[PDB]
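Student: Have a look at the structure that comes next, please.
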Amino acid sequence: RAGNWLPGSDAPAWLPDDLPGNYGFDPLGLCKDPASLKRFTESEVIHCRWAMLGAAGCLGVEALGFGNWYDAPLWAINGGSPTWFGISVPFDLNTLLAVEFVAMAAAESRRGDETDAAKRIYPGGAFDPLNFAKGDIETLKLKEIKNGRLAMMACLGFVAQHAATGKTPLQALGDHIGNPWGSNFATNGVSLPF
Amino acid sequence: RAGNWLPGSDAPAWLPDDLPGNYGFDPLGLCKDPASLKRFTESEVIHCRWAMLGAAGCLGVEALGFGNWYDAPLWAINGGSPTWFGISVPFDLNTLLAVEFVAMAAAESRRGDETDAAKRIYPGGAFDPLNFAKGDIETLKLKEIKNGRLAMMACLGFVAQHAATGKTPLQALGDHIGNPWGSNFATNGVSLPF
Amino acid sequence: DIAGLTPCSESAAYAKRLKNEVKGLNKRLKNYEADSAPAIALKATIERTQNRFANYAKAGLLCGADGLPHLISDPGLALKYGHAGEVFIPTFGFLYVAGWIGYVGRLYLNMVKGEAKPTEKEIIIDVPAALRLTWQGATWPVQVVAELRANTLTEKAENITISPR
Amino acid sequence: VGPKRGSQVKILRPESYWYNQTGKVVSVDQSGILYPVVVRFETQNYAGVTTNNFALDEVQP
Amino acid sequence: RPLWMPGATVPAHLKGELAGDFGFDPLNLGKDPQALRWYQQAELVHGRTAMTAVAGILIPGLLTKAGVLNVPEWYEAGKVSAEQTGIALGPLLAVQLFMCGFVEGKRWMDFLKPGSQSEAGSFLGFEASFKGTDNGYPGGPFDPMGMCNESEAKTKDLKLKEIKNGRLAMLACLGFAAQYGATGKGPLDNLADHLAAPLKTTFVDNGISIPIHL
Amino acid sequence: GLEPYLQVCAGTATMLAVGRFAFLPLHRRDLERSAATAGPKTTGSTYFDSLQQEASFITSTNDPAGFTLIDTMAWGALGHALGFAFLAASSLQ
Ligand code: CLA
Ligand code: CLA
Ligand SMILES: CC1=C[C@H](O)CC(C)(C)[C@H]1/C=C/C(C)=C/C=C/C(C)=C/C=C/C=C(C)/C=C/C=C(C)/C=C/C1=C(C)C[C@H](O)CC1(C)C
Ligand SMILES: CC1=C[C@H](O)CC(C)(C)[C@H]1/C=C/C(C)=C/C=C/C(C)=C/C=C/C=C(C)/C=C/C=C(C)/C=C/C1=C(C)C[C@H](O)CC1(C)C
Ligand SMILES: CC1=C[C@H](O)CC(C)(C)[C@H]1/C=C/C(C)=C/C=C/C(C)=C/C=C/C=C(C)/C=C/C=C(C)/C=C/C1=C(C)C[C@H](O)CC1(C)C
Ligand SMILES: CC1=C(/C=C/C(C)=C\C=C\C(C)=C/C=C/C=C(C)\C=C\C=C(C)\C=C\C2=C(C)C[C@@H](O)CC2(C)C)C(C)(C)CCC1
Ligand SMILES: CC1=C(/C=C/C(C)=C/C=C/C(C)=C/C=C/C=C(C)/C=C/C=C(C)/C=C/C2=C(C)CCCC2(C)C)C(C)(C)CCC1
Ligand SMILES: CCCCCCCCCCCCO[C@@H]1O[C@H](CO)[C@@H](O[C@H]2O[C@H](CO)[C@@H](O)[C@H](O)[C@H]2O)[C@H](O)[C@H]1O
């Protein structure tokens with residue numbers, strides 16, 4: 001185990017002790033069934049990896065200073081232009097949708113086409129070019145899941161800040177740093193009642 | 001089987017397990033009689049194939065940019081000429097009706113005459129040139145029957161939306177995406193009574 | 001509206017039917033002294049008439065050229081145009097009481113069946129038990145359905161005597 | 001021979017006012033009498049008779 | 001055992017087992033075991049729905065009448081929200097019917113066949129949660145904080161509290177509708193007006209409860 | 001050209017051809033099962049009721065697939081009512 005969700009409890013027993021990221025947090029008992037156990041495990045890691053990429057892109061674009069994550073999917077509504085890293089790209093909404101569908105379809109299909117199940121979670125090989133999975137893999141996976149869970153929570157944070165505060169995540173961060181006791185989720189006017 | 005129409009239900013014993021597409025859906029027990037089951041099974045696949053072609057054609061004539069599924073036999077009434085892909089075809093409703101009759105009178109009678117009850121729905125041979133059946137056919141049959149049940153339902157949707165919404169399938173879609181809550185079967189007048 | 005049936009409120013004949021009908025009673029009131037019971041009575045008939053010939057119109061009762069209110073049966077027409085109080089709503093009211101009477105009756109019949117001589121509890125009705133089953137028919141629809149979804153409302157076809165074919 | 005005295009048997013005789021109906025076996029003549037099972041009925045036929053001797057095959061407990 | 005009326009003859013099928021079994025089946029409606037089971041589930045659903053509704057008519061009102069919120073009357077909020085949200089009645093209702101229909105369908109089949117929704121493979125990953133514990137008590141995804149797992153007597157207390165509070169909330173909803181139907185005011189208004197002159201402001205002196213012509 | 005010949009000829013030809021190679025086998029199969037199996041044989045015997053008894057000229061056609069004169073006058077009759085319903089329909093309606 002990596003710890004305990006509530007220090008002093010013991011309720012989770014279906015969860016294997018070797019499961020990467022096993023903090024023993026299953027309040028609704030969704031992992032009892034071994035097939036659902038495997039599916040949820042694969043879904044969690046996938047969600048984590050995507051969220052980690054999304055979080056890097058959402059803030060990364062702001063860091064470099066080419067716009068915020070929310071402003072990215074708007075040009076097509078206004079019939080503007082796509083621009084990656086500032087450099088322009090000659091595409092449009094329908095073509096991007098089509099190219100995305102086919103790519104994601106051929107890739108995700110193959111990943112699910114896998115039967116070993118463990119590979120579906122950790123394929124390695126071509127997916128392990130630097131081959132850092134030679135040792136300490138059992139703990140590096142904990143880092144992958146822990147950072148991934150944090151990434152998923154952070155992604156929700158970006159959406160919530162934009163939903164209530166409206167300002168960009170970096171801007172909202174500075175607002176709190178500049179006025180911590182004044183600017184917060186408590187004073188956004190959406191988090192608290194009415 | 002392929003699943004359960006009502007997770008939890010059971011029975012439809014009259015519906016065999018091998019039947020390609022058995023999700024158990026026979027509430028009015030229309031497949032109890034073995035003979036009727038044979039005819040219904042063959043008819044379903046026949047309907048699926050025709051339905052899939054129709055749905056593709058209904059959207060294709062609009063997607064490519066040559067008109068809509070409804071306003072297509074208009075030339076024969078308005079007093080115009082046939083037009084496949086723009087290219088004016090040199091025929092008249094009368095000659096088309098006759099060509100169709102003899103053409104369908106022969107192919108359909110040929111299929112019906114064949115008495116195998118397994119090669120009357122799945123002839124293969126010349127009907128399977130690329131020989132895709134080899135290696136596994138059940139999954140393709142399920143996709144054929146599942147994709148077809150989607151098409152049969154869609155083909156009904158196009159007619160129903162044209163009858164009430166009075167809009168082309170592609171155009172009606174945009175209307176929904178445009179103002180989802182304000183452009184549905186409900187906000188139409190014919191669908192719901194109140 | 002509906003089938004050329006004008007609303008009695010806008011029905012001129014309906015108004016004339018009032019004028020002429022109250023005149024026919026205000027001519028029978030004259031041949032009587034102002035305080036006589038005959039006259040107190042004819043004045044009540046004139047008031048009651050003038051109230052009814054208005055309660056009807058206020059209820060939006062469409063009437064034809066005859067000036068006599070007509071009723072709409074189609075549920076869609078009655079509901080869509082606020083004519084539900086006529087026939088429609090009354091329909092369920094009777095059905096509820098009708099089924100109530102029938103259900104209570106069968107409850108009693110099936111209780112006296114078995115009990116000693118069931119034939120002598122049909123002539124000399126057991127008023128006590130008959131009075132303990134009347135209110136049981138209030139929720140008859142709930143109980144009747146529970147019997148359909150349990151196969152107890154009807155009898156097996158192999159236990160009902162049938163005439164030789 | 002015959003249903004036990006007192007046993008209720010469903011009448012199977014087609015032209016019987018008590019067909020598809022039940023009745024108690026008053027007795028069963030153990031001779032070769034054609035119809036030996038005497039069956040009594042609370043209900044009475046149109047004539048007014050409330051009993052009838054049915055054959056063994058005409059009765060089913 | 002506490003009875004709805006002291007001295008009332010307990011039916012027979014109402015043996016102290018169901019939460020709130022005070023022996024009240026005068027019209028012997030729950031005589032059938034299956035009927036009683038369905039009625040039991042129906043009662044729980046009715047009470048839970050009413051409790052989560054009277055809480056949405058009284059609570060929001062008591063705070064509006066205390067300046068905290070501005071929620072409209074329960075008999076006017078519908079129109080206010082419709083003009084506020086802008087969603088047409090038709091579309092709003094239809095969507096609700098489909099969502100409620102699906103959840104009702106799963107619960108319905110679970111009764112028809114107990115613990116059937118947990119079919120292997122049915123709801124992607126979750127079927128297990130869709131198992132159920134006893135008639136109207138889908139323990140698991142519901143009751144997450146595990147309050148009905150403490151003891152076998154905290155369940156029987158927390159279950160008598162659901163039924164008595166439900167029955168009360170169900171009658172409360174009927175009251176609110178009748179109160180506004182006759183008084184023409186909000187529930188708090190009716191209570192305040194009553195407490196003002198308690199012996200002069202009752203259902204008798206409303207004009208609609210008893211159309212006194214004589 | 002487009003005179004009655006075009007409409008009448010086409011109708012006759014199509015029906016005869018469709019009834020000489022397409023529905024001809026189904027037609028024969030239906031005739032058999034109907035008259036031999038479910039239906040029995042009529043005109044048991046006796047009386048000058050031989051009129052109801054099957055003829056013979058009808059059962060004398062070298063035409064392959066046994067296209068009898070009645071079949072030629074059958075599909076052809078169906079064809080002469082399509083040639084005259086198509087021409088007539090264009091006349092007015
Ligand atoms: C007892 C037999 C019976 C008979 C003979 C009729 C006959 C009629 N009904 Mg009807 N109806 C019945 C039972 C019956 N109904 C029952 C039991 C219900 C409750 C479900 C309804 C609910 C109902 C509604 C909601 C409506 C009708 C309507 C109608 C009229 C036209 C509708 C139609 O084409 O067919 C009959 C239709 C039905 C039986 C129910 C389906 C609802 C119809 C199809 C919607 C049609 C709307 C449109 C305005 C009708 C055009 C009529 C035309 C003169 C313009 C018609 C004269 C329409 C009407 O005229 O009201 C304005 C209509 O809106 N009925
Ligand atoms: C418990 C009493 C009872 C009940 C439940 C029924 C029920 C029924 N009768 Mg029936 N009937 C009854 C008494 C009853 N009848 C009596 C006493 C007579 C002699 C006058 C008849 C003569 C009669 C005829 C001729 C016919 C029916 C028919 C029918 C069926 C058609 C439905 C209908 O509209 O009712 C119809 C009811 C009547 C026509 C008259 C009976 C109405 C009385 C007032 C109701 C009985 C009340 C009872 C005294 C209450 C007892 C309470 C107890 C505590 C003492 C229906 C299932 C029809 C049928 O067979 O359908 C196929 C039909 O042809 N009944
Ligand atoms: C354990 C437990 C137990 C018990 O029993 C029950 C329960 C409680 C239920 C459980 C829990 C669970 C959970 C927590 C879950 C969560 C989830 C999530 C959050 C996800 C996310 C998720 C998230 C994610 C993926 C994310 C994604 C993203 C992406 C892709 C991308 C994005 C972007 C960027 C780059 C930038 C640009 O400009 C734009 C875009 C393009 C837009
Ligand atoms: C299962 C069950 C069981 C129980 O017992 C009962 C019940 C429930 C009843 C059942 C159900 C059933 C069902 C669902 C059925 C369905 C059907 C359909 C819809 C079909 C379609 C169907 C459809 C189809 C074919 C389609 C077709 C089409 C076509 C050919 C074509 C068309 C076209 C196009 C291209 C375009 C143009 O411009 C025009 C045209 C030329 C015109
Ligand atoms: C499952 C779960 C999970 C885990 O285990 C934890 C947790 C979360 C805790 C759980 C939850 C639960 C719940 C949701 C509960 C609810 C409750 C309620 C709401 C009640 C109400 C309840 C409610 C009620 C009784 C109601 C009441 C009301 C009343 C009396 C009223 C009265 C009145 C009337 C008529 C009228 C006038 O004019 C006024 C007045 C005088 C005012
Ligand atoms: C909407 C409505 C009407 C519409 C009628 C239409 C379109 C169809 C009607 C079908 C009808 C009325 C009836 C069909 C009945 C068929 C069956 C098998 C039902 C039989 C009922 C039975 C056996 C119940 C008998 C009862 C039991 C067992 C216990 C007690 O409940 C008493 C009793 C005898 C009722 C219209 C005429 C417009 C007008 C406006 C009301
Ligand atoms: C020999 C041979 C062949 C054949 C030929 C032919 C040419 C056939 C045809 C035949 C025919 C040619 C048939 C037909 C028939 C028909 C009929 C017999 C009938 C007709 C008519 C009608 C049916 C009409 C009716 C009517 C009238 C009268 C009036 C108006 C109305 C109507 C129109 C309805 C060939 C060459 C292939 C080769 C080998 C040899
Ligand atoms: C817009 C066009 C709409 C469709 C137009 C055509 C409608 C469908 C055709 C109607 C005429 C069918 O004509 C005939 O039907 C029968 C009945 O199955 C078929 O009969 C076939 O299947 C039956 C099934 O029991 C077998 O017993 C029979 O041996 C076999 O030949 C014939 O093959 C077909 O030639």
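Quick note on naming: the chains in the structure tokens go A, B, ... in the order shown, residues restart at 1 in each chain, and ligands are numbered from 1 in order of appearance.
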Could you report the residues within 8 Å of ligand 5, using only C-alpha atoms and all ligand atoms, as a ChimeraX atom specification?

Tutor: /E:48,50-55,58,142-148,162,164-176,179-180,186-191

Student: Kindly compile the residues surrounding ligand 4 within 9 Å, counting only C-alpha atoms and all ligand atoms, and format them as JSON, numbers by chain.

Tutor: {"B": [24, 25, 26, 27, 28, 29, 30, 31, 44, 46, 47, 48, 49, 50, 51, 52, 53, 54, 55, 56, 57, 58, 59, 60, 61, 62, 67, 68, 69, 70, 71, 72, 73, 148, 149, 151, 152, 153, 154, 155, 156, 157]}

Student: Write as a list in words the residues around ligand 2, taking 10 Å as the cut-off and counting only C-alpha atoms and all ligand atoms.

Tutor: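 If we count only C-alpha atoms and all ligand atoms, the neighbours of ligand 2 turn out to be residues 95, 98, 99, 100, 101, 102, 103, 104, 105, 106, 107, 108, 109, 110, 121, 122, 123, 124, 125, 126, 127, 128, 129, 130, 131, 132, 133 and 134 of chain C.
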
Student: Write the residues of the selection above to a file with N, CA and C atoms, as a PDB file, in the first residue's frame.

Tutor:
```
ATOM      1  N   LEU C  95     -67.607   5.820 -13.328  1.00  0.00           N
ATOM      2  CA  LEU C  95     -66.818   4.560 -13.384  1.00  0.00           C
ATOM      3  C   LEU C  95     -66.313   4.208 -11.981  1.00  0.00           C
ATOM      4  N   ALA C  98     -69.271   3.114  -9.919  1.00  0.00           N
ATOM      5  CA  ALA C  98     -69.774   1.856 -10.520  1.00  0.00           C
ATOM      6  C   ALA C  98     -68.893   0.696 -10.052  1.00  0.00           C
ATOM      7  N   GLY C  99     -67.582   0.795 -10.288  1.00  0.00           N
ATOM      8  CA  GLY C  99     -66.647  -0.261  -9.855  1.00  0.00           C
ATOM      9  C   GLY C  99     -66.684  -0.434  -8.349  1.00  0.00           C
ATOM     10  N   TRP C 100     -66.834   0.668  -7.610  1.00  0.00           N
ATOM     11  CA  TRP C 100     -66.932   0.591  -6.129  1.00  0.00           C
ATOM     12  C   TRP C 100     -68.107  -0.316  -5.757  1.00  0.00           C
ATOM     13  N   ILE C 101     -69.288  -0.040  -6.315  1.00  0.00           N
ATOM     14  CA  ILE C 101     -70.503  -0.847  -6.001  1.00  0.00           C
ATOM     15  C   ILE C 101     -70.228  -2.306  -6.374  1.00  0.00           C
ATOM     16  N   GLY C 102     -69.745  -2.545  -7.597  1.00  0.00           N
ATOM     17  CA  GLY C 102     -69.500  -3.924  -8.061  1.00  0.00           C
ATOM     18  C   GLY C 102     -68.476  -4.634  -7.197  1.00  0.00           C
ATOM     19  N   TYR C 103     -67.372  -3.957  -6.870  1.00  0.00           N
ATOM     20  CA  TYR C 103     -66.289  -4.603  -6.084  1.00  0.00           C
ATOM     21  C   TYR C 103     -66.818  -4.976  -4.696  1.00  0.00           C
ATOM     22  N   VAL C 104     -67.517  -4.044  -4.042  1.00  0.00           N
ATOM     23  CA  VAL C 104     -68.057  -4.310  -2.675  1.00  0.00           C
ATOM     24  C   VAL C 104     -68.998  -5.516  -2.758  1.00  0.00           C
ATOM     25  N   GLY C 105     -69.846  -5.558  -3.790  1.00  0.00           N
ATOM     26  CA  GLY C 105     -70.786  -6.683  -3.958  1.00  0.00           C
ATOM     27  C   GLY C 105     -70.059  -8.013  -4.033  1.00  0.00           C
ATOM     28  N   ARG C 106     -69.019  -8.100  -4.868  1.00  0.00           N
ATOM     29  CA  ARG C 106     -68.278  -9.378  -5.046  1.00  0.00           C
ATOM     30  C   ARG C 106     -67.564  -9.727  -3.736  1.00  0.00           C
ATOM     31  N   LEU C 107     -67.041  -8.721  -3.028  1.00  0.00           N
ATOM     32  CA  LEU C 107     -66.382  -8.966  -1.718  1.00  0.00           C
ATOM     33  C   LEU C 107     -67.369  -9.690  -0.799  1.00  0.00           C
ATOM     34  N   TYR C 108     -68.608  -9.197  -0.727  1.00  0.00           N
ATOM     35  CA  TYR C 108     -69.625  -9.805   0.164  1.00  0.00           C
ATOM     36  C   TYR C 108     -69.970 -11.190  -0.362  1.00  0.00           C
ATOM     37  N   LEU C 109     -70.344 -11.297  -1.628  1.00  0.00           N
ATOM     38  CA  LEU C 109     -70.678 -12.610  -2.220  1.00  0.00           C
ATOM     39  C   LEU C 109     -69.604 -13.624  -1.848  1.00  0.00           C
ATOM     40  N   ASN C 110     -68.335 -13.311  -2.052  1.00  0.00           N
ATOM     41  CA  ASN C 110     -67.264 -14.323  -1.860  1.00  0.00           C
ATOM     42  C   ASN C 110     -67.008 -14.594  -0.380  1.00  0.00           C
ATOM     43  N   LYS C 121     -78.010 -15.892   3.368  1.00  0.00           N
ATOM     44  CA  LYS C 121     -77.364 -14.603   3.704  1.00  0.00           C
ATOM     45  C   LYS C 121     -77.504 -13.683   2.497  1.00  0.00           C
ATOM     46  N   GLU C 122     -78.243 -14.106   1.474  1.00  0.00           N
ATOM     47  CA  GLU C 122     -78.520 -13.251   0.300  1.00  0.00           C
ATOM     48  C   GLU C 122     -79.921 -12.680   0.466  1.00  0.00           C
ATOM     49  N   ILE C 123     -80.844 -13.469   1.022  1.00  0.00           N
ATOM     50  CA  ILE C 123     -82.226 -12.995   1.312  1.00  0.00           C
ATOM     51  C   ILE C 123     -82.165 -12.166   2.598  1.00  0.00           C
ATOM     52  N   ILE C 124     -81.822 -12.749   3.740  1.00  0.00           N
ATOM     53  CA  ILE C 124     -81.655 -11.946   4.982  1.00  0.00           C
ATOM     54  C   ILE C 124     -80.222 -11.417   5.013  1.00  0.00           C
ATOM     55  N   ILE C 125     -79.962 -10.306   4.326  1.00  0.00           N
ATOM     56  CA  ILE C 125     -78.590  -9.727   4.215  1.00  0.00           C
ATOM     57  C   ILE C 125     -77.963  -9.545   5.593  1.00  0.00           C
ATOM     58  N   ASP C 126     -76.685  -9.900   5.758  1.00  0.00           N
ATOM     59  CA  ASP C 126     -75.968  -9.642   7.030  1.00  0.00           C
ATOM     60  C   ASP C 126     -75.610  -8.161   7.072  1.00  0.00           C
ATOM     61  N   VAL C 127     -76.508  -7.290   7.541  1.00  0.00           N
ATOM     62  CA  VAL C 127     -76.218  -5.825   7.480  1.00  0.00           C
ATOM     63  C   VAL C 127     -74.888  -5.507   8.180  1.00  0.00           C
ATOM     64  N   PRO C 128     -74.501  -6.052   9.358  1.00  0.00           N
ATOM     65  CA  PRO C 128     -73.179  -5.793   9.927  1.00  0.00           C
ATOM     66  C   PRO C 128     -72.034  -6.015   8.931  1.00  0.00           C
ATOM     67  N   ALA C 129     -71.872  -7.218   8.383  1.00  0.00           N
ATOM     68  CA  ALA C 129     -70.719  -7.484   7.492  1.00  0.00           C
ATOM     69  C   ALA C 129     -70.887  -6.715   6.190  1.00  0.00           C
ATOM     70  N   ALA C 130     -72.114  -6.509   5.746  1.00  0.00           N
ATOM     71  CA  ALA C 130     -72.336  -5.691   4.547  1.00  0.00           C
ATOM     72  C   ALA C 130     -71.859  -4.268   4.815  1.00  0.00           C
ATOM     73  N   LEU C 131     -71.865  -3.823   6.070  1.00  0.00           N
ATOM     74  CA  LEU C 131     -71.480  -2.426   6.412  1.00  0.00           C
ATOM     75  C   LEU C 131     -69.979  -2.368   6.669  1.00  0.00           C
ATOM     76  N   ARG C 132     -69.327  -3.527   6.810  1.00  0.00           N
ATOM     77  CA  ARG C 132     -67.858  -3.567   7.031  1.00  0.00           C
ATOM     78  C   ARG C 132     -67.138  -3.708   5.686  1.00  0.00           C
ATOM     79  N   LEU C 133     -67.886  -3.887   4.593  1.00  0.00           N
ATOM     80  CA  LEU C 133     -67.252  -4.114   3.264  1.00  0.00           C
ATOM     81  C   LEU C 133     -67.503  -2.915   2.344  1.00  0.00           C
ATOM     82  N   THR C 134     -68.436  -2.032   2.711  1.00  0.00           N
ATOM     83  CA  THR C 134     -68.786  -0.883   1.833  1.00  0.00           C
ATOM     84  C   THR C 134     -67.562   0.015   1.634  1.00  0.00           C
TER      85      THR C 134
END
```

Student: So that each row is one residue of chain C with an atom at most 12 Å from chain E, can you give its shortest atom pair and the distance in Å to one decimal, using only C-alpha atoms, rows by chain and rising number, as JSON lines?

Tutor:
```
{"residue": "C:104", "atom": "CA", "partner": "E:27", "partner_atom": "CA", "distance": 11.2}
{"residue": "C:107", "atom": "CA", "partner": "E:27", "partner_atom": "CA", "distance": 11.5}
{"residue": "C:132", "atom": "CA", "partner": "E:27", "partner_atom": "CA", "distance": 9.2}
{"residue": "C:133", "atom": "CA", "partner": "E:27", "partner_atom": "CA", "distance": 8.2}
{"residue": "C:134", "atom": "CA", "partner": "E:27", "partner_atom": "CA", "distance": 9.7}
{"residue": "C:135", "atom": "CA", "partner": "E:27", "partner_atom": "CA", "distance": 7.1}
{"residue": "C:136", "atom": "CA", "partner": "E:27", "partner_atom": "CA", "distance": 4.7}
{"residue": "C:137", "atom": "CA", "partner": "E:27", "partner_atom": "CA", "distance": 7.9}
{"residue": "C:138", "atom": "CA", "partner": "E:27", "partner_atom": "CA", "distance": 8.2}
{"residue": "C:139", "atom": "CA", "partner": "E:27", "partner_atom": "CA", "distance": 7.8}
{"residue": "C:140", "atom": "CA", "partner": "E:29", "partner_atom": "CA", "distance": 9.1}
{"residue": "C:141", "atom": "CA", "partner": "E:29", "partner_atom": "CA", "distance": 10.7}
{"residue": "C:142", "atom": "CA", "partner": "E:29", "partner_atom": "CA", "distance": 7.8}
{"residue": "C:143", "atom": "CA", "partner": "E:29", "partner_atom": "CA", "distance": 6.3}
{"residue": "C:144", "atom": "CA", "partner": "E:29", "partner_atom": "CA", "distance": 10.2}
{"residue": "C:145", "atom": "CA", "partner": "E:35", "partner_atom": "CA", "distance": 9.8}
{"residue": "C:146", "atom": "CA", "partner": "E:35", "partner_atom": "CA", "distance": 6.3}
{"residue": "C:147", "atom": "CA", "partner": "E:32", "partner_atom": "CA", "distance": 8.9}
{"residue": "C:148", "atom": "CA", "partner": "E:35", "partner_atom": "CA", "distance": 11.3}
{"residue": "C:149", "atom": "CA", "partner": "E:35", "partner_atom": "CA", "distance": 9.1}
{"residue": "C:150", "atom": "CA", "partner": "E:34", "partner_atom": "CA", "distance": 8.6}
{"residue": "C:151", "atom": "CA", "partner": "E:32", "partner_atom": "CA", "distance": 11.9}
{"residue": "C:152", "atom": "CA", "partner": "E:32", "partner_atom": "CA", "distance": 10.8}
```

Student: Write to file, as a short mmCIF file (atom, residue, chain, number, x, y, z; two decimals), in the first residue's frame, the residues of the selection just made, with C-alpha atoms.

Tutor:
```cif
data_model
loop_
_atom_site.label_atom_id
_atom_site.label_comp_id
_atom_site.auth_asym_id
_atom_site.auth_seq_id
_atom_site.Cartn_x
_atom_site.Cartn_y
_atom_site.Cartn_z
CA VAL C 104 -68.06 -4.31 -2.68
CA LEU C 107 -66.38 -8.97 -1.72
CA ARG C 132 -67.86 -3.57 7.03
CA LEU C 133 -67.25 -4.11 3.26
CA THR C 134 -68.79 -0.88 1.83
CA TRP C 135 -65.72 1.31 2.62
CA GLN C 136 -63.35 -1.50 1.45
CA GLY C 137 -64.44 -0.58 -2.12
CA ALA C 138 -62.98 2.95 -1.79
CA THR C 139 -59.57 1.73 -3.09
CA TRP C 140 -61.20 -0.89 -5.38
CA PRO C 141 -58.99 0.04 -8.43
CA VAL C 142 -55.80 -0.67 -6.38
CA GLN C 143 -57.16 -4.04 -5.13
CA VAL C 144 -58.71 -5.05 -8.52
CA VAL C 145 -55.36 -4.59 -10.38
CA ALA C 146 -53.46 -6.43 -7.60
CA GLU C 147 -55.86 -9.33 -8.34
CA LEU C 148 -55.29 -9.22 -12.12
CA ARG C 149 -51.48 -9.22 -11.44
CA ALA C 150 -51.95 -12.36 -9.25
CA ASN C 151 -54.62 -14.28 -11.29
CA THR C 152 -57.41 -14.17 -8.65
#
```

Student: Write down, as a PyMOL selection string, each residue of chain E that has any atom within 10 Å of an atom of chain A, counting only C-alpha atoms.

Tutor: chain E and resi 68-70+120-121+124-129+139-146

Student: Residues of chain D within 10 Å of chain C, counting only C-alpha atoms - could you list those as a tab-separated table (two decimals) with N, CA and C atoms, in the first residue's frame?

Tutor:
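Writing done, so here's result00.tsv:
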```tsv
chain	number	residue	atom	x	y	z
D	10	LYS	N	-64.90	-33.78	-9.33
D	10	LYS	CA	-65.39	-32.90	-10.43
D	10	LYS	C	-66.16	-33.75	-11.44
D	11	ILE	N	-67.43	-33.41	-11.69
D	11	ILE	CA	-68.27	-34.17	-12.66
D	11	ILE	C	-67.67	-34.02	-14.06
D	14	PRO	N	-70.76	-34.72	-19.82
D	14	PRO	CA	-71.03	-33.51	-20.59
D	14	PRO	C	-72.45	-32.97	-20.38
D	15	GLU	N	-73.45	-33.86	-20.37
D	15	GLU	CA	-74.87	-33.40	-20.26
D	15	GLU	C	-75.28	-33.32	-18.79
D	16	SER	N	-74.33	-33.02	-17.89
D	16	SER	CA	-74.64	-32.92	-16.44
D	16	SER	C	-74.74	-31.45	-16.02
D	17	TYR	N	-75.83	-31.09	-15.33
D	17	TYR	CA	-76.01	-29.69	-14.85
D	17	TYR	C	-74.83	-29.32	-13.95
D	18	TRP	N	-74.15	-30.32	-13.39
D	18	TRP	CA	-73.03	-30.06	-12.44
D	18	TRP	C	-71.69	-30.35	-13.11
D	19	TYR	N	-71.62	-30.25	-14.44
D	19	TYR	CA	-70.34	-30.45	-15.16
D	19	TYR	C	-69.33	-29.38	-14.73
D	20	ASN	N	-68.03	-29.71	-14.75
D	20	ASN	CA	-66.98	-28.74	-14.34
D	20	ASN	C	-67.23	-28.28	-12.91
D	21	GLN	N	-68.23	-28.86	-12.24
D	21	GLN	CA	-68.56	-28.48	-10.86
D	21	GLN	C	-68.29	-29.66	-9.94
D	22	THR	N	-68.16	-29.43	-8.63
D	22	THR	CA	-67.77	-30.54	-7.72
D	22	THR	C	-68.96	-31.03	-6.90
D	42	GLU	N	-74.80	-29.28	-3.78
D	42	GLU	CA	-75.55	-28.20	-3.09
D	42	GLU	C	-76.49	-27.53	-4.09
```
